[PDB]
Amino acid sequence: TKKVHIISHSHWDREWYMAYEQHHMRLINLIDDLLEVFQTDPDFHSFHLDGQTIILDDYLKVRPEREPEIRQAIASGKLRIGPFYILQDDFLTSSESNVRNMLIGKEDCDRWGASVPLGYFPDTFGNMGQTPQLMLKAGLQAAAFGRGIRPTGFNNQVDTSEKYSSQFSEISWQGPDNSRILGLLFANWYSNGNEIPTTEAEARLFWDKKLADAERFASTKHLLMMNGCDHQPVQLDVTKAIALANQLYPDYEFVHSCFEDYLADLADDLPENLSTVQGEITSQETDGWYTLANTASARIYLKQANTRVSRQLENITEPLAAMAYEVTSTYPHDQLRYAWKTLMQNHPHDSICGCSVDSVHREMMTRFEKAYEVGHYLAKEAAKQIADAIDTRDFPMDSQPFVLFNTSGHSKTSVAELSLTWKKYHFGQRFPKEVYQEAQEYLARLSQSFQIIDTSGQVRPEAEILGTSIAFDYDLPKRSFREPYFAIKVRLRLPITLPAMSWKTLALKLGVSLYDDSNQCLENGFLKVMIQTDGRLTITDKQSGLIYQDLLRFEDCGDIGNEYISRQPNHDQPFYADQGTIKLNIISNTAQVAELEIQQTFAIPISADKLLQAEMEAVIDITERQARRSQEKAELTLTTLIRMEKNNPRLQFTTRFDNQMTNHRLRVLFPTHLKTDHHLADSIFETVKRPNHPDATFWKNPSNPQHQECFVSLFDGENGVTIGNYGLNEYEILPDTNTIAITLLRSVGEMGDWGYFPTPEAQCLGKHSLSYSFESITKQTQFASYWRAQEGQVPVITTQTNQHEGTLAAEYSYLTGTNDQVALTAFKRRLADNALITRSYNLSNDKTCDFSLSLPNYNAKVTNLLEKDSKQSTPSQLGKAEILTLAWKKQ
């Protein structure tokens, strides 16, 4: 005797094959229909709103007058909401974003008065390894998902060579930290109970199939029927359907249910023989063609923009505002929430994955700009608040003080690129022309040289003055009208080391190079970098002695696929930039920094052939496509700026070009020839270990694209390579040579999936600039290479202030006790009480480590990810893959 739980739902992709507003208007219809059916049908139990609270906001933005009816429907349990804000892509949103989704989701649920105790990942294109820890520490003990695993027959014997097979639709999901949750697999998809018939003959055919399908995998008598699908209207006659089903099947108890009741029933009946699945679930034991992993390189410009806003909020704005609270006794919670919600409107999977129509991705760019602007405003305000409260009296009156901040979790060594204001010539009531000329005359008369001093008056000899100029600028005072002026600007380079979460005040006053042109060699204490005749690099590690030849190869291939899936044409042969025309240009060359440009011009097919258009129009599966690249070629010019800094082991690259070719992919390759069968990728709160070969038992796709956050690394036990990136979230390991391949551009012409949706802007025509890095590592520098790749995305922050008394010291470290193996991801304050919150995680899944983090004259208390206090004592060590959130209060 089975219990058949019918859960009515709609999987509501916020924006996808139509612009947001087209989906939005149909969402109004859905909720209108729900509110009406709650009135006309007393037996309609509930409706699951797809796990995302944003739906409620979207509805009320159009029908604000319906707020009381919405609140009532939630209060009665007829609308089952959240527990998330949006339904993300796990891998393409930042580690912090994965938590903020839950923080905002919970805030919304608390406001409405109800939640659903189920992490909801119905459609997610691969599931992060840390889902179990992320759920447990967000007050959730279960997650439901539809992708990444294929249920083996609940029928078959043990064997168990298949790591990602499951007997049942219920699993014990274990993460790298040993956290365990219930994994509820939609084994028959989230549409298995869609459109239940209300007439006998049709109902019989439907239920005989559906019951058998669910029983094939159920570990209990509780069968889950998901009554909904993508943008599915509510089934208005579902009560009639359920009543019929009960009449037709005396041995089955059909009930209109909800996820909370379903989990309750499961809890009572779950057996002890659930399959365990360990870590990330990314379709490892499939044919590899439909992982949709190539969303990582769809519209890379979106991922770059996301990275910029994420770093702004997490690593600049929040840390500065957290510290500024000392001065102001306030922290901008409302403005930050507004910025975070704006950013996360770009985090629904179809949005960030770049797998929607053109209109959707144009709208996303605007959202990125808005969230950035808010974060940028708040960061500048916080930095000023601190600087204006620093005791800057040690600097002479004929100097211009400025404060430099490292807002990251470890020591930051860099050559900071600065533009400081030396003098302001205000417009007043004069003609701007007169004021401009006065500034010109000051510079014409200037005979002294600009210098950088510390509080002791000591000159920093390593600073390099690059030039002076006049530039219009303005100030916006808090208590008076705008103030326009011409500024005398001083452009300079400043080598500096700043400890974690620290500031240093300096001031501007009046008072053998790295590159060898005869050798075409960039050299510092760490690396010797030989630019080859073909533009590729030979890099020698000066500590280990290891030599890497033919690094930095640019590779252009055909792509006849879509926004989800890359497909190289049959017989595709790459075009290599190094086989074209090579030119070298020195941009700068001092003892502190060298910048070299390597330029290649090579001919590539301008497009795909005409067959592609026919194959897309006919909705031909990507694996069957016969289209090739065009015969006609055009010259593509790549320019890569290589930046070496004196005391920096990390070599920085920026590759720029104007893309005027369609249906192709550009990658940069780093062949390592390292002896190892695995690699390490920056994933959501974990450095996840992955095989270099996909599983040859199941895998058919000639490629194995994988997701990364800030870096990917190969390491043989003593030596290795770490490649960092900025918003370049797709990599591949080429196992024959252990080459790291980073995707810089992927251009396609259609969305893909269920139909033909032309997306010409997915071709990514126009200018691009991609940044990435190389570091050669040893056992001793491995973990530092990982936080450098993460924290290297965040520049030294500067702000100017005058000479004044102050309550703050001119240099200060807000925290101490850094560990190479311990990443810092959050430094913020708590909404409830303004307590300082930190979040750290173990960069290893294999080893515990010391946890030394300390904020001077604060005590730490352990919280969960939602920043609610736990009973756990503060550890002195981190477990494998542990994510530790701490609230800090004055001693």
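Start at 1 and count along the sequence shown; that's the residue number.
Problem set entry | Deposited residues omitted from coordinates between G511 and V512, as a class | In the record, 4 to 9 residues between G511 and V512 lack coordinates.
For this session: Determine, for stretches 159 to 167 and 378 to 386, which one has the higher mean CA B-factor as deposited.
Result: For C-alpha atoms only, the mean B-factor is higher in 159 to 167.
Problem set entry | Mean C-alpha B-factor comparison - 147 to 155 and 447 to 455, higher one | Taking the mean B-factor of the alpha carbons in each, 147 to 155 is higher.
Exercise. So among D695, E732, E318, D572, who wins on Cα B-factor in the entry?
Worked result: In the PDB entry, the greatest C-alpha B-factor among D695, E732, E318, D572 is found at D695.
Exercise. If you compare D350, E555, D559, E464, which has the highest Cα B-factor in the entry?
Worked result: Out of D350, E555, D559, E464, the record gives the largest C-alpha B-factor to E464.
For this session: Just say lowest, middle or highest third for the CA B-factor of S683 relative to the other modelled residues in its chain.
Result: Tercile = lowest for this residue's CA B-factor.
Exercise. Which third of the chain does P250 land in by C-alpha B-factor: lowest, middle or highest?
Worked result: Within its chain, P250 is a highest-third residue by C-alpha B-factor, going by the deposited values.
For this session: For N192, return the chain-relative third of its C-alpha B-factor as stated in the PDB record: lowest, middle or highest.
Result: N192: CA B-factor falls in the lowest third of its chain.
For this session: Taking the values exactly as deposited, rank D230 by C-alpha B-factor within its chain and report the matching third: lowest, middle or highest.
Result: It falls in the middle third of the chain.
Problem set entry | Modelled-residue ranking by C-alpha temperature factor, third containing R839 | As the PDB entry reports it, the C-alpha B-factor of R839 lands in the lowest third of its chain.
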